[PDB]
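Structure first, then comments.
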Amino acid sequence: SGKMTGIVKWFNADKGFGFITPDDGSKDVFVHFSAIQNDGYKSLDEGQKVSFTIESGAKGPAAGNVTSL
């Protein structure tokens, strides 16, 4: 299980970026709407439980299979 569960706090669709809050990862990582898991109609809730895999593209953390629980 190379995956980690967490919850998204904030996320902007106007710019194309957001910030998630992983349980084990008390820290905060950024996410994008270019690797989500919600069919289509890009849309997410504030303070929702979602999983990921901390993907890399810029620095270190960055979305990574963002799916809603």
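Following the order of the structure tokens, chains are lettered A, B, ..., residues in each are numbered from 1, and ligands are numbered from 1.
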If you count only C-alpha atoms, which residues fall within 12 Å of residue A:33, apart from same-chain ones fewer than 6 positions away, as a JSON list (two decimals) with N, CA, C and O atoms, in the first residue's frame?
```
[["chain", "number", "residue", "atom", "x", "y", "z"],
["A", 11, "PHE", "N", -8.59, 24.67, -1.55],
["A", 11, "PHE", "CA", -8.30, 24.31, -2.93],
["A", 11, "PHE", "C", -8.95, 25.32, -3.87],
["A", 11, "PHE", "O", -10.16, 25.57, -3.73],
["A", 12, "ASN", "N", -8.15, 25.89, -4.79],
["A", 12, "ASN", "CA", -8.65, 26.87, -5.74],
["A", 12, "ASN", "C", -8.68, 26.25, -7.14],
["A", 12, "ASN", "O", -7.70, 25.60, -7.52],
["A", 13, "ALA", "N", -9.79, 26.46, -7.87],
["A", 13, "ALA", "CA", -9.95, 25.93, -9.21],
["A", 13, "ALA", "C", -9.74, 27.05, -10.23],
["A", 13, "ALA", "O", -9.58, 26.75, -11.42],
["A", 14, "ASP", "N", -9.74, 28.31, -9.75],
["A", 14, "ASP", "CA", -9.55, 29.46, -10.61],
["A", 14, "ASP", "C", -8.08, 29.53, -11.05],
["A", 14, "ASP", "O", -7.83, 29.90, -12.20],
["A", 15, "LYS", "N", -7.16, 29.19, -10.13],
["A", 15, "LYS", "CA", -5.74, 29.21, -10.42],
["A", 15, "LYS", "C", -5.29, 27.82, -10.86],
["A", 15, "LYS", "O", -4.45, 27.73, -11.77],
["A", 16, "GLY", "N", -5.85, 26.77, -10.22],
["A", 16, "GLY", "CA", -5.50, 25.40, -10.54],
["A", 16, "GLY", "C", -4.50, 24.87, -9.51],
["A", 16, "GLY", "O", -3.47, 24.33, -9.92],
["A", 17, "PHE", "N", -4.83, 25.03, -8.22],
["A", 17, "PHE", "CA", -3.97, 24.57, -7.14],
["A", 17, "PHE", "C", -4.75, 24.57, -5.83],
["A", 17, "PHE", "O", -5.77, 25.27, -5.75],
["A", 18, "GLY", "N", -4.27, 23.79, -4.84],
["A", 18, "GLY", "CA", -4.92, 23.70, -3.55],
["A", 18, "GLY", "C", -3.92, 23.19, -2.51],
["A", 18, "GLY", "O", -2.76, 22.97, -2.88],
["A", 19, "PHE", "N", -4.38, 23.03, -1.26],
["A", 19, "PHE", "CA", -3.53, 22.55, -0.18],
["A", 19, "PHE", "C", -4.26, 21.46, 0.60],
["A", 19, "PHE", "O", -5.39, 21.72, 1.05],
["A", 39, "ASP", "N", -14.20, 11.58, -11.76],
["A", 39, "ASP", "CA", -14.78, 11.51, -13.09],
["A", 39, "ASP", "C", -14.45, 12.79, -13.86],
["A", 39, "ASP", "O", -13.39, 12.83, -14.50],
["A", 40, "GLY", "N", -15.35, 13.79, -13.80],
["A", 40, "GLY", "CA", -15.15, 15.05, -14.48],
["A", 40, "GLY", "C", -15.66, 16.19, -13.60],
["A", 40, "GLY", "O", -15.48, 16.12, -12.38],
["A", 41, "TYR", "N", -16.29, 17.20, -14.23],
["A", 41, "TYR", "CA", -16.80, 18.32, -13.45],
["A", 41, "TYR", "C", -15.91, 18.53, -12.23],
["A", 41, "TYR", "O", -16.35, 18.19, -11.12],
["A", 42, "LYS", "N", -14.69, 19.06, -12.44],
["A", 42, "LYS", "CA", -13.75, 19.29, -11.35],
["A", 42, "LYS", "C", -14.46, 20.06, -10.23],
["A", 42, "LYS", "O", -14.95, 21.16, -10.49],
["A", 43, "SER", "N", -14.49, 19.46, -9.03],
["A", 43, "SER", "CA", -15.13, 20.08, -7.88],
["A", 43, "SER", "C", -14.79, 19.28, -6.62],
["A", 43, "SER", "O", -14.88, 18.05, -6.66],
["A", 44, "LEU", "N", -14.41, 19.99, -5.54],
["A", 44, "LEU", "CA", -14.05, 19.36, -4.29],
["A", 44, "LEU", "C", -14.67, 20.15, -3.13],
["A", 44, "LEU", "O", -14.98, 21.33, -3.33],
["A", 62, "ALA", "N", 3.27, 17.37, -4.03],
["A", 62, "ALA", "CA", 2.42, 17.92, -5.07],
["A", 62, "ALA", "C", 1.38, 16.88, -5.48],
["A", 62, "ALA", "O", 1.72, 15.96, -6.24],
["A", 63, "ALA", "N", 0.14, 17.04, -4.97],
["A", 63, "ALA", "CA", -0.94, 16.12, -5.28],
["A", 63, "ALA", "C", -0.40, 14.69, -5.33],
["A", 63, "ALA", "O", 0.49, 14.37, -4.53],
["A", 64, "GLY", "N", -0.93, 13.88, -6.26],
["A", 64, "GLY", "CA", -0.49, 12.50, -6.41],
["A", 64, "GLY", "C", -1.69, 11.57, -6.20],
["A", 64, "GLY", "O", -1.85, 11.06, -5.08],
["A", 65, "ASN", "N", -2.49, 11.36, -7.27],
["A", 65, "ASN", "CA", -3.65, 10.50, -7.20],
["A", 65, "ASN", "C", -4.59, 11.00, -6.10],
["A", 65, "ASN", "O", -4.79, 10.26, -5.12],
["A", 66, "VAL", "N", -5.13, 12.22, -6.27],
["A", 66, "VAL", "CA", -6.03, 12.80, -5.29],
["A", 66, "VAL", "C", -7.44, 12.25, -5.50],
["A", 66, "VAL", "O", -8.10, 12.67, -6.46],
["A", 67, "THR", "N", -7.86, 11.32, -4.62],
["A", 67, "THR", "CA", -9.18, 10.72, -4.72],
["A", 67, "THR", "C", -9.95, 10.98, -3.42],
["A", 67, "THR", "O", -9.31, 11.06, -2.36]]
```
Inset, instruction - For residue A:25, please output as a VMD selection string all residues within 12 Å (counting only C-alpha atoms; exclusion window: fewer than 2 positions along the same chain). - result: chain A and resid 4 to 7 20 to 23 27 to 29 51 to 54 61
Give me a file of those residues, with N, CA and C atoms, as a PDB file, in the first residue's frame.
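Produced file result-v7.pdb, reproduced below:
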```pdb
ATOM      1  N   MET A   4      -1.366   7.064   0.888  1.00  0.00           N
ATOM      2  CA  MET A   4      -1.576   7.683   2.186  1.00  0.00           C
ATOM      3  C   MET A   4      -2.910   8.432   2.180  1.00  0.00           C
ATOM      4  N   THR A   5      -3.666   8.321   3.287  1.00  0.00           N
ATOM      5  CA  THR A   5      -4.954   8.983   3.407  1.00  0.00           C
ATOM      6  C   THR A   5      -4.766  10.333   4.103  1.00  0.00           C
ATOM      7  N   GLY A   6      -5.723  11.256   3.897  1.00  0.00           N
ATOM      8  CA  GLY A   6      -5.662  12.576   4.500  1.00  0.00           C
ATOM      9  C   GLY A   6      -6.979  13.312   4.241  1.00  0.00           C
ATOM     10  N   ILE A   7      -6.950  14.652   4.342  1.00  0.00           N
ATOM     11  CA  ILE A   7      -8.132  15.467   4.119  1.00  0.00           C
ATOM     12  C   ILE A   7      -7.713  16.815   3.528  1.00  0.00           C
ATOM     13  N   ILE A  20      -3.620  20.291   0.744  1.00  0.00           N
ATOM     14  CA  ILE A  20      -4.208  19.174   1.466  1.00  0.00           C
ATOM     15  C   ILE A  20      -3.551  19.060   2.843  1.00  0.00           C
ATOM     16  N   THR A  21      -4.182  18.292   3.749  1.00  0.00           N
ATOM     17  CA  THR A  21      -3.662  18.102   5.092  1.00  0.00           C
ATOM     18  C   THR A  21      -3.703  16.613   5.444  1.00  0.00           C
ATOM     19  N   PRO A  22      -2.558  15.925   5.283  1.00  0.00           N
ATOM     20  CA  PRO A  22      -2.428  14.507   5.570  1.00  0.00           C
ATOM     21  C   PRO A  22      -2.372  14.257   7.079  1.00  0.00           C
ATOM     22  N   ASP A  23      -3.145  13.264   7.553  1.00  0.00           N
ATOM     23  CA  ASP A  23      -3.185  12.926   8.965  1.00  0.00           C
ATOM     24  C   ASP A  23      -1.755  12.736   9.478  1.00  0.00           C
ATOM     25  N   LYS A  27       2.016  18.203   8.377  1.00  0.00           N
ATOM     26  CA  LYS A  27       2.396  19.296   7.498  1.00  0.00           C
ATOM     27  C   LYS A  27       1.291  19.520   6.463  1.00  0.00           C
ATOM     28  N   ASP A  28       1.546  20.417   5.494  1.00  0.00           N
ATOM     29  CA  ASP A  28       0.580  20.720   4.452  1.00  0.00           C
ATOM     30  C   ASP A  28       1.276  20.675   3.090  1.00  0.00           C
ATOM     31  N   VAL A  29       0.655  19.982   2.119  1.00  0.00           N
ATOM     32  CA  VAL A  29       1.210  19.863   0.781  1.00  0.00           C
ATOM     33  C   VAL A  29       0.245  20.493  -0.225  1.00  0.00           C
ATOM     34  N   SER A  51      -7.356  10.947  -0.350  1.00  0.00           N
ATOM     35  CA  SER A  51      -6.076  10.262  -0.307  1.00  0.00           C
ATOM     36  C   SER A  51      -5.175  10.801  -1.419  1.00  0.00           C
ATOM     37  N   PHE A  52      -3.895  10.388  -1.411  1.00  0.00           N
ATOM     38  CA  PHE A  52      -2.938  10.827  -2.412  1.00  0.00           C
ATOM     39  C   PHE A  52      -1.657   9.999  -2.285  1.00  0.00           C
ATOM     40  N   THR A  53      -0.551  10.511  -2.854  1.00  0.00           N
ATOM     41  CA  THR A  53       0.728   9.822  -2.804  1.00  0.00           C
ATOM     42  C   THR A  53       1.859  10.847  -2.927  1.00  0.00           C
ATOM     43  N   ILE A  54       1.608  12.080  -2.452  1.00  0.00           N
ATOM     44  CA  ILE A  54       2.597  13.142  -2.509  1.00  0.00           C
ATOM     45  C   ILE A  54       3.427  12.993  -3.784  1.00  0.00           C
ATOM     46  N   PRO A  61       6.555  17.654  -2.564  1.00  0.00           N
ATOM     47  CA  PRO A  61       5.142  17.335  -2.454  1.00  0.00           C
ATOM     48  C   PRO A  61       4.335  18.033  -3.549  1.00  0.00           C
TER      49      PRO A  61
END
```
Legend entry - Shortest interatomic distance to residue A:48 - which of A:60, A:36, A:69, A:31, counting only C-alpha atoms: A:69
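For residue A:45, the set of protein, DNA and RNA residues having any atom at most 9 Å away, when counting only C-alpha atoms and skipping those fewer than 4 positions along the same chain, is residues 8, 9, 10 and 11 of chain A.
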Inset, instruction - Could you tell me, as a ChimeraX atom specification, which residues of chain A DSSP assigns to strand (DSSP E) when given the backbone? - result: /A:4-12,17-22,29-31,36-37,48-52,66-68
Inset, instruction - Please indicate the distance in Å from atom CA of residue A:56 to atom CA of residue A:38, rounded to one decimal place. - result: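 Computing it gives 20.8 Å between the two atoms.
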